[PDB]
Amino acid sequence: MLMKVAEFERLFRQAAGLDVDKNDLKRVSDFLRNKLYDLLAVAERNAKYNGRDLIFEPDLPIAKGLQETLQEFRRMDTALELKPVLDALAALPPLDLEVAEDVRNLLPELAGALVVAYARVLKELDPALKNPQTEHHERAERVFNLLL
């Protein structure tokens, strides 16, 4: 998974006051891993367009809102390990281009930002519910699919 079960739990609680079900975490991890991979796939296309053979941060399609969510995640002081994120991404097809060092270091933070945004979307679907179940996750995925 992108991070430890305890880290996912902590982020859902910190970001949105939600008690996430441990049973839904593997699906959350896989879903967000796919979104992160797709940010890198688009970044690869952008790097090539700019005549480069390496992916830099500006190549990742990060809109202002997600950039602000990333800053908020950074300020939660949650140091996520790189290896689990790289291992999760390696589960999918390799990209043609490698990424710059600053991008590699940004990956765990982007994984955390995606969890913060996902938790907050899940909360907005039912502001009063503290313990969302699988059905709510299906709706949160549909929302994420519209933009990422």
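Residue numbers run from 1 along the displayed sequence.
**Q** As stated in the PDB record, which stretch has the larger average Cα B-factor, 124 to 132 or 10 to 18?
**A** Stretch with the greater average CA B-factor: 124 to 132.
**Q** Select between 43 to 51 and 75 to 83 the stretch whose C-alpha atoms have the higher average B-factor in the entry.
**A** Mean C-alpha B-factor is greater for 75 to 83.
**Q** Sort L107, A113, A91, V28 by C-alpha B-factor from the entry and give me just the highest.
**A** Across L107, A113, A91, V28, the entry lists the biggest C-alpha B-factor for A91.
**Q** Of the choices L95, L32, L60, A117, which one's C-alpha carries the largest B-factor in the record?
**A** Each of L95, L32, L60, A117 was compared by C-alpha B-factor; the highest is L95.
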